[PDB]
Amino acid sequence: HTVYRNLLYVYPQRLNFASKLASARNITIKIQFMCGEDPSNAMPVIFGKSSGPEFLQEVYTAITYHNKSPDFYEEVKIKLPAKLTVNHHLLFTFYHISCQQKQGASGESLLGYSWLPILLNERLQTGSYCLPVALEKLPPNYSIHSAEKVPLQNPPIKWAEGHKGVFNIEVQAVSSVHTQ
């Protein structure tokens, strides 16, 4: 069946932590398209791998190329809601393997978060972004701000690498015909 849709395409390109103790292959990233700040606000809008198509609330990825073909790129494809508002945002959750866990464990745990409002300052947020990572948790009302400039919070936000941008993505909206 032939359909026409306006889709958001998100390319998680590079993750560049300064830590010589970790590598990007060991950081997992969860990607969600949110309509609000509550955990229940993940929209079922991400194209899955299956035919159908299936729509997911989240995808997990690791930004590394050592185990990929040279032609590889990660492409997250999102069915935009017909009406996009300031409440819609990409939400990224980072997971890592903490060193020297109890009993020698080697499971993954929450590292932090980043996000990108899709509409900010009356402009669609397409193009290239280098995003910082907020550690531990997100403050209320995070999603109306760019992660690069959040008002002072109480308790205060802590950022990876003193608020340096570490996560490179590209974002574009494309409306086209799909032959589902």
Side-chain angles (χ1 to χ4, degrees), residues 7-19 22-49 55-65 68 72-81 84-98 107-121 123-151 153 157-173:
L7 302 185
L8 196 71
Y9 293 82
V10 178
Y11 300 91
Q13 287 176 308
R14 304 190 311 280
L15 181 62
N16 178 39
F17 283 117
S19 178
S23 185
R25 69 186 64 185
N26 299 320
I27 307 289
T28 296
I29 310 175
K30 183 196 307 180
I31 304 172
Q32 293 167 300
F33 187 90
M34 304 296 286
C35 68
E37 297 179 2
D38 191 84
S40 69
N41 296 149
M43 302 181 73
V45 294
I46 298 171
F47 279 73
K49 317 276 188 188
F55 296 107
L56 306 180
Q57 294 175 279
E58 67 195 9
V59 291
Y60 288 88
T61 189
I63 315 303
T64 183
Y65 302 96
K68 305 294 190 301
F72 178 83
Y73 57 90
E74 191 72 60
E75 179 180 84
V76 181
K77 193 160 62 165
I78 288 157
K79 57 164 182 177
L80 288 166
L84 186 82
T85 70
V86 299
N87 303 320
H88 292 108
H89 59 283
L90 288 162
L91 181 62
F92 305 99
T93 308
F94 297 79
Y95 300 91
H96 74 320
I97 299 181
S98 298
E108 68 179 8
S109 63
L110 175 63
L111 173 61
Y113 300 90
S114 196
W115 70 96
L116 180 68
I118 318 298
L119 283 177
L120 200 60
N121 312 313
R123 292 190 296 270
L124 190 71
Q125 295 294 296
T126 56
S128 308
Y129 297 89
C130 182
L131 297 173
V133 175
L135 302 172
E136 299 180 344
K137 70 200 73 174
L138 283 175
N141 304 310
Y142 70 88
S143 71
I144 65 167
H145 306 289
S146 162
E148 314 171 31
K149 32 188 182 302
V150 183
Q153 304 293 315
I157 303 173
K158 298 96 180 169
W159 298 93
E161 295 186 37
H163 209 166
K164 181 184 176 186
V166 298
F167 179 44
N168 284 270
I169 68 177
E170 295 248 351
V171 181
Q172 182 60 291

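Numbering of residues begins at 1 and proceeds along the displayed sequence. Computed over heavy atoms, backbone and side chain alike; hydrogens, waters and symmetry mates excluded.
Interatomic distance, OH of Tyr60 versus OG1 of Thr93, reported as 8.0 Å (0.5 Å rounding). Distance check: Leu110 CG to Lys30 NZ gives 8.5 Å after rounding to the nearest 0.5 Å. Once rounded to the nearest 0.5 Å, the distance linking CG of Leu91 with CD of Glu37 reads 9.5 Å.
Distance alone, capped at 3.5 Å, places no donor-acceptor pair between the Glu136 side chain and the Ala134 backbone. Under a 3.5 Å cut-off, the side chain of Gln57 and the backbone N or O of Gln32 do not form any donor-acceptor pair. Side-chain N or O atoms of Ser114 include none that pairs as donor or acceptor with a backbone N or O of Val133 at under 3.5 Å.
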Identify every side-chain donor-acceptor pair in residues 8-17 under 3.5 Å, counting partners at least two apart or on other chains, and give the distances.
from	atom 1	to	atom 2	distance (Å)
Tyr11	OH	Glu75	OE2	2.6
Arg14	NH2	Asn168	OD1	3.2

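Remark: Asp38 engages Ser40 in a side-chain hydrogen bond (donor to acceptor under 3.5 Å, both in side chains) (not counting sequence neighbours). Residues satisfying the salt bridge (charged side-chain N to carboxylate O under 4.0 Å, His left out) criterion with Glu148, sequence neighbours excluded, are absent altogether. A search for side-chain contact (heavy atoms from CB on, under 4.5 Å) contacts involving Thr61 returns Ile29, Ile31, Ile63, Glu74, not counting sequence neighbours. By the salt bridge (charged side-chain N to carboxylate O under 4.0 Å, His left out) test, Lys137 is found to be paired with no residue, residues two or more places apart in sequence or in another chain being considered.
Annotation: ring-ring contact (aromatic ring centres under 6.0 Å, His included) contacts involving residues 28-49, sequence neighbours excluded, comprise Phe33-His88, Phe47-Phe55.
Atom CZ of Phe72 sits in a crowded spot, with more than 12 heavy atoms from other residues, nucleotides or ligands closer than 6.0 Å. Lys49 NZ: 12 or fewer foreign heavy atoms inside a 6.0 Å radius.
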inquiry  = Working note: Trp115 + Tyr142, criterion ring-ring contact (aromatic ring centres under 6.0 Å, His included); need CA distance, chi angles, decisive distance, verdict.
reply    = CA-CA 9 Å; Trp115 70 96; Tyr142 70 88; 5.1 Å; yes

key: Evaluation steps, side chain to side chain contact (heavy atoms under 4.5 Å, CB included), between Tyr113 and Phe94   = CA-CA 6 Å; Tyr113 300 90; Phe94 297 79; 5.6 Å; no

task = Kindly determine whether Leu7 and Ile78 satisfy side chain to side chain contact (heavy atoms under 4.5 Å, CB included), including the steps that lead there.
result = CA-CA 5 Å; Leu7 302 185; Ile78 288 157; over 6 Å; no

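Here the shortest heavy-atom pairing between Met43 and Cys35 reads SD-CB, 3.7 Å.
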